[PDB]
Each structure stands twice: as C-alpha cells, then as structure tokens.
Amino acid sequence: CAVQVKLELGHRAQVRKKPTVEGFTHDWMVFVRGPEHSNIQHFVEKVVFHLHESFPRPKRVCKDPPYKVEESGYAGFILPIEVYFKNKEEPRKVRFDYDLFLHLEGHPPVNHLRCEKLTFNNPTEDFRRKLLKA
C-alpha cells in the first residue's frame, strides 16, 4: 500500500539596509516544510542544512520544526538538504540540492518555493502511519 507525501523547499533573500561588519550584503532564510496545514514532523526525524564551507559550522541541524536556517551572506551557493525520516528502513533519508540564490540590489526580495514529491511504495506499517498523519 503505497503512500505519497510532499515537501516544500524554499528561501527568502533580502538586501540589507546596511552590510554587516563582515561586509555581508544579504539576509536569507532557507526552509523545508510541508504544504500548508500539514505537519511533516510526524515523519521527519531531522533536516540537515549543509551551508557553504565559508560559514562557521556549515552543517546546520534542525531536529524540531521549524526546519529552517536564518543567515547572512554575500553570495549564493548550492545548499544540499538532507531530510531524515522517523523510521529504521530504506530510505532512511532523502537529499536535495537547493539553489540558494540572491538577487541584486534594486530587485524585489527573493521569495522562492519548490515542491518535491516523496513516493514510498512499500513502507513499514509504522512508517506508513507516520506518513499518513501529515
């Protein structure tokens, strides 16, 4: 008995009124969430955000919602996002590569949304019940 769930991936990016001491020009926030009124905490063990190596401690872990990272920077990069599941079966996790892009000054702030579908063809009964609670 197969079950399908959706994950929304996205980010906001805004030019700062004043750069940081480091010269960071943008504030940004990247997130993973379920579609509105769905709680993916039922089946999500954790979300791991792999920032660019220039950031201190680039492996940002969110064990609880909201699964998000608020940061400042000066450039965009590829941000691998691992979503770990509350199970002990294949798959234990899924990985996406998120394009964390920033817009130049004068353009409206970035408000970007992606949707990814997760198909689980034969999950265990406990995992299926978690997926169906979201």
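So that the term is clear: the rigid core is the largest set of C-alpha atoms that superpose within 1.5 Å between two forms. The first residue of the sequence shown is number 1, and the count goes up from there.
29-37 versus 95-103: which one's CA atoms end up farther from this form in 6 other deposited structures of this protein after a core fit?
It is 29-37 that deviates more in 6 other deposited structures of this protein.
Return whichever of 5-13 and 118-126 has the greater mean Cα B factor according to the PDB record.
Here the higher of the two C-alpha B-factor means belongs to 118-126.
For the listed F49, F43, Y67, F55, which has the peak Cα B-factor recorded in the PDB entry?
Among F49, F43, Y67, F55, the PDB entry lists the largest C-alpha B-factor for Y67.
Taking the values exactly as deposited, rank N39 by C-alpha B-factor within its chain and report the matching third: lowest, middle or highest.
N39: CA B-factor falls in the highest third of its chain.
Using the temperature factors of the C-alpha atoms in this entry, rank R60 within its chain: lowest, middle or highest third.
Tercile = lowest for this residue's CA B-factor.
Taking the C-alpha B-factors as the PDB entry records them, is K93 in the lowest, middle or highest third of its chain?
Middle third by C-alpha B-factor.
Where does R33 sit by CA temperature factor within its chain: lowest, middle or highest third?
For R33, whose C-alpha B-factor we compare with every modelled residue in the chain, the answer is the lowest third.
Taking the values exactly as deposited, rank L102 by C-alpha B-factor within its chain and report the matching third: lowest, middle or highest.
Highest third of the chain for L102's C-alpha B-factor.
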